[PDB]
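Engineer: First the structure, which I've put down as C-alpha cells, then a few questions once you've had a look.
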Number of protein chains: 2
Amino acid sequence: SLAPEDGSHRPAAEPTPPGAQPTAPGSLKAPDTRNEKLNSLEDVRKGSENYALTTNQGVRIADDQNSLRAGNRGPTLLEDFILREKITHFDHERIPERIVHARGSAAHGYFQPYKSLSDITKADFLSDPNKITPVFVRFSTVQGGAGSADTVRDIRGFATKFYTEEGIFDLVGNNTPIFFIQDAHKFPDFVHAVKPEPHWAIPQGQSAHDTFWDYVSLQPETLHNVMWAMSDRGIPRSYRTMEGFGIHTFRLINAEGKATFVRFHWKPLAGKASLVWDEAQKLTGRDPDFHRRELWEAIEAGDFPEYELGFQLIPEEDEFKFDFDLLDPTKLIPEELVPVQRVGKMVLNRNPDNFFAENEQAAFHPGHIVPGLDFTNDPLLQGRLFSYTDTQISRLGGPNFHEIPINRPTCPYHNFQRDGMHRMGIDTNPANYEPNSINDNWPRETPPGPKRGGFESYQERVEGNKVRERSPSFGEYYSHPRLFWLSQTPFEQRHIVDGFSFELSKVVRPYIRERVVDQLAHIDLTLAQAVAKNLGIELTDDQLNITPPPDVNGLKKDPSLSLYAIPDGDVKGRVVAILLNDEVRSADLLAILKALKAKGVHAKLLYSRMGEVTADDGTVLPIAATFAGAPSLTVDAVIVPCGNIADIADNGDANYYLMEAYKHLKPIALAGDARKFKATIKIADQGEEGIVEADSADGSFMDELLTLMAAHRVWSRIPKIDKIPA
Amino acid sequence: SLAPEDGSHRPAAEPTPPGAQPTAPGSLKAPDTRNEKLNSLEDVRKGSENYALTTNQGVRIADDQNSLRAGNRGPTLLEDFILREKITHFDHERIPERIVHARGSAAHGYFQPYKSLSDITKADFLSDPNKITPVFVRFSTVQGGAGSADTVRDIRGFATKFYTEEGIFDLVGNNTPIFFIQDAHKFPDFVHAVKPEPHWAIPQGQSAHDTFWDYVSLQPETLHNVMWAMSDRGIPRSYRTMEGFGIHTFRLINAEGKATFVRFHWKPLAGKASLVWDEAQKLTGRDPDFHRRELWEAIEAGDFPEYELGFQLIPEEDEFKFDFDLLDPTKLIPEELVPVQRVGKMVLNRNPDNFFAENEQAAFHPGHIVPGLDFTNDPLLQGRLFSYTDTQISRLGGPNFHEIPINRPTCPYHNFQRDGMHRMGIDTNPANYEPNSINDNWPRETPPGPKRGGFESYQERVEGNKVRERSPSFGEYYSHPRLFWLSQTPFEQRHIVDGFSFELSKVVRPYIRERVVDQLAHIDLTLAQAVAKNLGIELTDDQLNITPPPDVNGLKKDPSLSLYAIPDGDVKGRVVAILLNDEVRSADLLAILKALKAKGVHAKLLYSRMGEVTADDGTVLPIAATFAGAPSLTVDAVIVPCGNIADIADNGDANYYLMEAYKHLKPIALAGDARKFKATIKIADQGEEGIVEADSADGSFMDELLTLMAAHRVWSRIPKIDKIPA
Ligand code: HDD
Ligand code: HDD
C-alpha cells in the first residue's frame, strides 16, 4: 500500500556489506541464526505484518490520526481512551539509565571451550569442548549518558552474560587490566570526580576537567589506569579491536575442592587497533554512533566479532610470589610473568530485535557466579557485589528483574521468593517457606558435588580485627604506570604525552596541572618533562631527582602491554573510501574491488553528490555517500582511482578528505593522474612510505595498500603531520 | 588543608569574562543576586565549609577511605552501614530523563511588564509595570538524550516558569512559530520517527535517517516546521540569539469577560544569530556542551540573556479573516498581518547551584495557566494538557512533584489533596474534604473577579458531534513552507537546500529521498530542483508543472522570518580568538584589546602550548588554550597580531585555525607580517571583503573588524569557500 511497488524498502535476509542495505532487527535480517537463548525468547517476540492495529487491551482502532472531539474543530473529550492509552504509554517510556556505563551496544552469540577444564574447575560451561553456551554481550563507555558519543576518550566496558546449564554467569569486565581505585568505598568519590561537574553538568564523556584531575592528583592509586586511558587504549577503533579483562583475581574451584587464583582475559581475533586523538574527538561530532553502528553492521555483514577467553592462573601457594598484591585491582599481572592460557572462543553473530527491550533492560552483575567459581578478598570486588543487585531496584523497577526476558536463565529456577512489582511467574507451590511438610519440602537444597551440585563458598581462612584500613601491601602507586610506559612504542609514548597534555590544558586551575605533573615525575622523568613542556611548566631540581620506582619483578618492559609492538593485524571487516570522479577508469576500479573482496575489506564509493556516475566503461556506479557525508574518519584507508581527475582536483571536500586521512596516519593509494593530489598532502615527487602510487591500480598496487592496512596506521609519517593544516 | 596557599582554587564572587576563572554554583559566584524564588529556596540550600562529613543520619565519619573488613586484607563486612548507605545513594542517583527535550540548560531570572495590561487580561503578573515576577527558564533540544550534544540540527525548546502571586504560569514554547503535527494523537508517531530507530538506537540528536523522512514524506503537514529545521534556525549560535514562540493561539481574558486571541513571542535583545552546518556538526564533537557552557559563562560575565515578551493579538470577530486556521499549529501568523506588540522584558541573571536538583527536576507544563489566560481548541494544545501532568508520575516519582523545591509556587497553596510518595507538607486541617463543617469549610472556593479571583473557563460555544475527524480548514500544507522559503535571503536559501541535501543523503532507501523531493516540488520548484540535483534526481515533466501554492493573504515575503535580512546582532558577549606568537608586538595587542573592551567583546589568547609567553615589551601573556584545545568553532572572529610570525607561520594548527574560520565565514584580521597567512586562505594580494589587513592593528583596523562582527558572518565569501580544503 505505502511500500514502493518495487520492494526496495525491505533489506535482504542474507549477509550484506556495511551501507549496502537498511539495517534491520536481528530476527528479520538473520532468521536462520539461532541459539538456545534466542529460541527461548520466541514466547515474547511480537510480529506486525497482517495484524490489525489495536489498543493494548486488544481493541481494533479505526482512526489513528485524530483525537475524539466535540465537532471537528472542537475540544478533545476526556472519554477518548484510545488517545489517553497511547499518550500514557509514550509519557512513561523512559527508565533510569545505568549510573555508570549508560552508553552501550550489545549483541547475541555463543561460547565454546577448547577442552575440558575439569582438572581446575567444576564449572559446567567449562566442562566439555562440545558444550555450547549462549551469550549476550554489551560493550560500553563509562562516564557519558546513554545519549553520549561512542569514540570518546574513556575506559570501555566489556560485559558477558553466560546462560549456563547451572545458572547465569556474568563476566563484567573492562578493556584495561586494572581499575582506578582500590576500595569500593571510594567508588562514588571517583565517579563523581570524572562525571560532569555538579553545578553545571559539564563536560559530557570527558575526563578533561578540573575535578577529575584534582582527584587523580590527590589519589596516586589512580595513576595506573589513568596511564591506560591517556594512551590510545582510551580511543579504540572498534569494540572488535580491543582487549577485555575481568581485572580482579577470582577463584576456580575443582571437584576436589582445590582453589586456583585466576584473572580473566578476552583477546580479539580482529587484532588490537585504536584511533588517534584528533580523529576520535572529531568523530564524536561527525558520527556519535560510530562504534554502535560499526558493531551492528559487522554482524550483518558476517564479520562476526570473535574473542578468545584466556586465564592467567596462579596456584594458591604463589599468592605472594610477586612484588604487587594479587588482590590489588590497581595492579596488573604481566603476561611475561604469568602467561594467558587459552580457554575457548566466543562469537557474536546476531543483533537484537529491540534495543530498549534487550540492551537497555539487560542487567549484568559480577556477583552472578556458578559452582566452580568463587570470589576473593579484593576490596573493590567485595563492594561491587553489593552494588549490582541494589541498583536494579530503581533502574528496572523492582526485584523481579530476572523475569525480564533478556535476563531470564535458560536453565530451571525455583525457590520460595514471592510477589514484588510486575511479578510474572505464577507459583503453584502450596508452600512459600522451607522447611515445609505441605509440599514435601520442595524445591530442595542440593549438596555440593562434582556436577549439578549446590553452591558452597570456598572455606578460606579469615583472621584479623574489624578495621577500616587499607592493606599496606596496596601502598605502591608508580611501578605499574612505569612498566606500562616503558612497554609502549615511541609513537605510543608520544600519544600518551599528548593525551595528558591535551587534558591538563582543559583544567582551569593551574595548580592542579602542576600537581599532576609532580605525580608524573614519580613515574618517569621523560614523560613528566614532555608533558610539562606542553603546559609551560618547568620541573624543579627536586623533581628531577625523584628516584624512579622499582621494576616489576625485574621487568624493563612487557610487549603485550603495547597495542602495536607485536603485530596482530587483520584487515577483514575494515573499510576503504574510494573517491570517484565523473569518468572513472574502470580498469582501476575493477582491480581495486577484486583485491579488497579477496581479503574481506569493504569499500564505499564517494562523490560530491548522491545518485550515480558513469565510468569510462559505460558502467553505472552507485554513490554510497558524499565526501562530507562519510568523512575519512569513518574509514581505514583511501584510494583514488584514475579518470577525469580535473573533475575533483579543485573540489575542497575531496582535497580535505585526503589531508584529514593523511593527518590521521591512514594509508592512501593514488593511481595515474590521481598522483597529482600529492601536492595537497605536501608529499614530494619522490614519494614516501605509506603513500601507494603507480601508473595504474594494477600489479602490486593493491598488495602494497593491503600490506599497509594490515599494519593499521603509518606511524613513520608522524614527524611530517605537524606542518599539515588539517 | 589541600587547597593551595594562594587561594587560587576559589573563583572571585564578581562578574568575570568567560575562561578567566573556574565556574561556580550561582549562590557562591553571585551571592548578592536575589529574587523571591531564589530567597524561598534558602530552606533547602546546603552548605559545606566548616561542616563535618556525616552519614545521611548525621553520624560523623572517621575514615571515608575504607570499607570495614575482617583484617586489613579480609572480606568486607555486612555491618558496614556507612559503606552501604553511601553506595546505596550512588546506586539510585538517576531518574528517568524527559521523553523529549531531555537535553537542556537552565537559569534563574526575573520578568517585568512595560505597562499594565488590565484592559486585555486580568493576569496579575501583567497588571502593573512595577510588579516583578521571578522566572526559571530551561532551553533544550528535542530529540537527543540528556547526554547528547548541544549544537545539533534540531528544534530548540524555550520553557519559562513564571512564579506569579496568583499561581505558577508555565509558557512552554519552542524556537520556531509552528510545530510538525496538527493533532496530539500523532505525537508518539512523529517522535518515534525522529528518535533513534528502535532496532539499533541510532542516530542520536539527528533527523538525518530513514524513519524521520519516511514520516515526513507521508505527512505533508510536517513540511512547514521541517523547512525551519533545515534552515539555520535549526543550529543557533547561542540560546541568547534565537527567538521563542508559544506556537498555539491562546486566550487573554479581561475583568469584564472579554476574550482576545493571543500568540506568544520572545525576541532576543542580543539579536538573531546561527552557526553554519559544517561548524555546528564539528562543534558537537569539539565541545558537545557549547550552548550549556556559553549560557552559564554569559551569566557569570554579566552578559545576562534578555528577551522581550510580545503578543500577537486578534479580536474574537477576526477569527476567520485569514487564509489559514488560527487554531492550526502548523500555521504561523505573519507579523506583517498581525504585529508583535511589546509587553515586557525578561532578564536571566543567575545560574543554579546544583544542575540535577534545579534543572533536571524542574517540571514545566502548558496547562499551568492563571486567571486572565485560557486555552483554545487547538488540537495539539488540547492533548498537551493531558501529557505534562501524566509524565511526571514516573519521571519525578509521584504526584508530589510540586513539592520539589524548584517547582514550588512562591504564592500560597492549600487544598484537600493528601498523601502520595515523598509527601513533604504536613497538613493540620481537621478536614481533608469539602464541603466540611468541622473546619468551617476552609480552605474555601473564591468566585471569579477582576483580581485575586478563582479560575473560571471562558464559556466558549461547543457544537458538533463526537467525532475523530480533522478540521477541513487544516487541510493545506504548502503555502506556509513557501512563505518561509521566499522570506529568506539567497544565502539562507542555499543553507536550506544544503540542509535537505545533507539529511536526505543519509537516507538509505532512495525512494524516500524521491518522495521528499516530490513534496518539495509542491512548495517551490527552485528549492526542489536544487535539492534534487544534489541527490542525482531528475524532476519529471509533471513535477515541473506542479502549480505553486498561493501567497498567504497577499504575502510572498515576511521580513520577520529571516535571521539576517535585517541584521540585528549585538557584538557584546561575542568572543575573538587572538593567535599569539612567542614575541607578540605589544602595540598591536594594546590596540586590539582596547577596541574589544569598548564593545564588550571577549578575547581568548591562544598558542601552541599552555603557560605564558612574553611580548616584545616584556608583558607576560597568560595562555587561555591551545589552537587545538579551543578551535575556531568556539569563537566569532580571529585576529593575528604581528611579532615573531615565523614562530607560527609553519604551525599546521595555526594555519588550519584560519582556514576553518575562513570556511565558516568568520571575520579574520591580520596585522603586519601576519598578512603572510593570506596565502593559506587563498586570498589574493589585493585583499578581499571580510579579511581585515594593515601594517599594524590601529584604530581603523579594529573598527573594520568590529563592523564585520556586527554583521555576524561574511556571506559574500560563500562562492570562495568550496575551493578551500578545510
Ligand atoms: C561499588 C560500586 C562499583 C564498583 C567499585 C564498580 N562498579 Fe561497575 N557498575 C556498578 C557499580 C560498580 C553499577 C552501579 O552497579 C553498574 C551501573 C548500572 C549497573 O547495572 O551496574 C555498573 C556497571 C558496569 C558495567 C556495565 C554493564 C552493562 O553493560 O550493563 C561494566 C562493564 C562494569 N560496571 C565493570 C566494572 C569493572 C571492570 C569494575 C572494576 C574492576 C567496576 N565495574 C567497578
Ligand atoms: C501530547 C504530547 C505532547 C505534544 C503534542 C507536545 N509536547 Fe512538549 N512535552 C511533552 C509532551 C508533548 C512531555 C512528554 O510532557 C514533555 C517531556 C517530559 C516533560 O516534562 O514534558 C514535553 C517537554 C517539552 C519541553 C521541555 C520543557 C522542559 O524544559 O522541561 C518543551 C519546551 C516543549 N515540550 C514544548 C512543546 C511545544 C512547543 C509543542 C508544540 C506546540 C509541544 N511541546 C508538543
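Don't overthink the numbers, they just go from 1 along the chain as shown.
This entry, so its header tells us, was determined using X-ray crystallography, 1.8 Å.
Placement of Cβ uses the backbone N, Cα and C atoms for every residue, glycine included.
Take a look at what Swiss-Prot says about it:
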type     : residues  : note
ACT_SITE : B:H101    : active site
ACT_SITE : B:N174    : active site
BINDING  : B:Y388    : heme binding site
REGION   : B:432-466 : region 'Disordered'
Engineer: With DSSP, how much of the region 'Disordered' (B:432-466) is helix, how much strand and how much coil, in residues?
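Structural biologist: Helix/strand/coil tally for the region 'Disordered' (B:432-466): 0 helix, 1 strand, 34 coil.
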Engineer: In the three-state scheme derived from DSSP, which category covers B:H101 (active site)?
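Structural biologist: In three-state terms, B:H101 (active site) counts as coil.
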Engineer: Round to the nearest Å and give the CA-to-CA distance linking B:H101 (active site) with B:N174 (active site).
Structural biologist: 10
Engineer: I'd like the Cβ neighbour count for B:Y388 (heme binding site), meaning other Cβ atoms within 10 Å of its Cβ, all protein chains included.
Structural biologist: 17
Engineer: Report the same-chain neighbours of B:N174 (active site): residues 6+ apart in sequence with Cβ closer than 8 Å to its Cβ, ordered by sequence.
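Structural biologist: Those within reach of B:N174 (active site), by Cβ under 8 Å and sequence separation of 6 or more, are B:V142, B:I155, B:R156, B:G157, B:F158, B:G244, B:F245, B:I247.
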Engineer: Around the Cβ of B:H101 (active site), how many other Cβ atoms lie within 10 Å? Please give the count over every shown protein chain.
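Structural biologist: Its Cβ shell of radius 10 Å holds 23 other Cβ atoms.
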Engineer: Look up B:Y388 (heme binding site) in the DSSP assignment and reduce it to helix, strand or coil.
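Structural biologist: Looking at the DSSP assignment, B:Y388 (heme binding site) belongs to a helix.
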Engineer: Three states by DSSP: which one describes B:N174 (active site)?
Structural biologist: strand
